[PDB]
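As a starting point, one isolated chain is supplied in structure tokens, in the form deposited in one PDB entry.
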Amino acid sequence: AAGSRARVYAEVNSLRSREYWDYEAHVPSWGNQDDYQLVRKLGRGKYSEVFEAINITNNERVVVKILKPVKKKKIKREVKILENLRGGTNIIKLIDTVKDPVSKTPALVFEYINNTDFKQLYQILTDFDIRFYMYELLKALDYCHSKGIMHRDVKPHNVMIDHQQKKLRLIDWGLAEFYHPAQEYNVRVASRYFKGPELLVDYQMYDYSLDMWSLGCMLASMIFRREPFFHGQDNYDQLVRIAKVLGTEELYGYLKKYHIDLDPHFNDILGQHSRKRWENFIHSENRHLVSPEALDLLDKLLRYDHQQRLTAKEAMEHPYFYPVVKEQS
């Protein structure tokens, strides 16, 4: 299979001190979790239980993410990435790293965000809201990509939005990884519905552009109100659903560009499909959320060829966001 490199920020980690990306050498300092009283269960992630908590030393409201089970290398990665990204635009702020003094189980402490569940929130988003929050999410992605980091789990569940204060934070960096040119990565990342085609065809030399596919999937579901937008029942069916929209010939062109041998089971299920116009998804229930600019942006995100997808920075400059950058400057 042919090689691939990020379009932007490709060499940024090699330009930094080795200490920056050599997370296996990062040694966290573990405080005492008894400074924090757990107050409310908020939810969970793959390897965590997340609680609202009060820091009993200063009455501040925080979030405590308890890591269980525990892979040490993966904890070092999440912690180092969070420290590298601290103070980044719309990146969740890591405040502390602590351990229960009896179980020695590790926990990450974060700033509290008063999230509206996206299933309730997406029912009330306006066209302007979608442009605003997508813009804020793109700032976080441009930031973490400029810091040599792929999130690799971009999905509504990982985008906290306080709709009252109109505040956004990208969370759960436990799958995030440092980008290094020509490195082959594990493709078993992201939720099925947000996996880019590169993951679904087992192309391991991927880069920041994976997050831009996931972001296009979110944009599609918000403006069209079909959530998730590509609703596969398994990883084979996920690629078929994508191909029923972007077309099969464009899929075969991608595979030819990168010399990707396709899992032969696909021969039974892919069929042949023409590219659908994005306008075919418009109807009376989503018409108020769709515009030519939205569709043009979506078209430049949801591309098979990861190398041709917009960068986060290019997406921020797209006319779909002019109403937001006008009322923000």
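Here, rigid core means the biggest group of C-alpha atoms that superpose within 1.5 Å across both forms. Counting begins at 1, following the sequence as shown.
This next part talks about the form deposited with a small molecule bound, which is not shown.
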Among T97, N84, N115, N90, which has at least one heavy atom within 4.5 Å of the small molecule in the deposited bound form?
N115
Sort through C217, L137, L210, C144 and report the residue having a heavy atom within 4.5 Å of the small molecule in the deposited bound form.
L137
Only one of 153-161, 98-106, 195-203, 251-259 has residues with a heavy atom within 4.5 Å of the small molecule in the deposited bound form, and that stretch is 153-161
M222 near the small molecule in the deposited bound form, any heavy atom under 4.5 Å?
yes
Quick one: does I130 come within 4.5 Å of the small molecule in the deposited bound form, counting heavy atoms only?
yes
With a cut-off of 4.5 Å between heavy atoms, is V240 one of the residues that contacts the small molecule in the deposited bound form?
no
The small molecule contact in the deposited bound form: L125, any heavy atom under 4.5 Å
yes
Listed options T126, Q120, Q233, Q164; Cα moving by 2 angstroms or more between this form and the one not shown (core superposition):
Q120
Aligned on the rigid core, do the two forms place the Cα of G253 2 Å or more apart, comparing between this form and the one not shown?
no
So, superposing on the core, is the move of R44 at the CA at least 2 angstroms between this form and the one not shown?
yes
Is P181 among the residues whose Cα moves by 2 Å or more between this form and the one not shown after superposition of the rigid core?
no
